[PDB]
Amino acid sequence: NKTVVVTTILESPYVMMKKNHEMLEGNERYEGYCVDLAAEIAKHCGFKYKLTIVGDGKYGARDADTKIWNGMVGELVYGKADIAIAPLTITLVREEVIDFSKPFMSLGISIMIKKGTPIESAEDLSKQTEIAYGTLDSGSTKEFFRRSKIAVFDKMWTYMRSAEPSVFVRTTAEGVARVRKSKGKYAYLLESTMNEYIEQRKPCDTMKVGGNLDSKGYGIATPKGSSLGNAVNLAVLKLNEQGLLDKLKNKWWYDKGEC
C-alpha cells in the first residue's frame, strides 16, 4: 500500500485553507466539503492519502493545439495524482481520458447577478447588451457554451467569445468579485452549487436567478483503469445512501450561511 496522492482545488466551500493552517501540517491544513469527503472515501476504501492543491489552479481542459491536458484532469492523465476529489464536472470529453464515479453532487449552470440587476433568465441576458456576462475561462461551463447548438446559448456564446475586454475570469472568486464591483453591469455564469454558496455569504449582495441551464454532476475521478475506481464508486453509493453527502452539503452551505 502506498499513500494515495489526491489532487484538489482551492474553491470554497469544497477546499479552503484553515485560518490557522501555518501551525498545522499535511492534510490538517485544509477544510471543506471535499476535505470531509476525501477522509470518508479513504476510510471506506482503506487507503492513506495526501491532499495536494493542483499546481496550475485549473479544473482541466485539453489545449486544441498542443493536445495537452491541464488542471486536475492533467494531473491524473500524466500520473502526477492518483485521484481527484473536487467539484470536477463529469463531461464526455473528460470521461474519454479519465474515469468518474457516479456523481456525488448535482448541479447545473446558473446565473449570478448583483441584487437588483434587471435580469431573470439566460434569454434575458442574450437579448441585451447593457449587462456583460461571462464564465470561468477554463472549465466545463465555458465548453457548454462553446459547444451548444441551442439558439439562446449559441447567441450568448457568440457574444462572450468576442466581447472586449474579456468577460472570462481566471477563478470563481474573480468572477464573484467582478459581479460585486460592477454596479449591476456584469452577470456571472457559474455552477448552481457555487452560486448558492456565495448567495449565503456576506455581504449578501448576489443572487441566483432563473432555472439552471443544464443538469449534471461532480464525480470523483481516477486515471483510466485505476485499481481504485470500483471501490471509490461503491463508497460514493454507500455515502449517498447513508445520507452523509446531504449532511455535508448542509454543513458547508447552509449551517454556516451568513445571510
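Don't overthink the numbering: it's just position in the shown sequence, from 1.
The stretch with the higher mean CA B factor, choosing between 136-144 and 123-131, is 123-131. In this entry, 61-69 shows the higher mean Cα temperature factor of the pair 46-54 and 61-69. Ranked against the other modelled residues of its chain, the C-alpha B-factor of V236 as given in the entry falls in the lowest third. Annotation for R178: CA B-factor lies in the middle third of the chain's modelled residues. Compared with the other modelled residues of the chain, the Cα B-factor recorded for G32 ranks in the lowest third. Sort the modelled residues of the chain by CA B factor and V6 lands in the lowest third. Annotation for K115: C-alpha temperature factor in the middle third relative to the rest of the modelled chain, per the entry.
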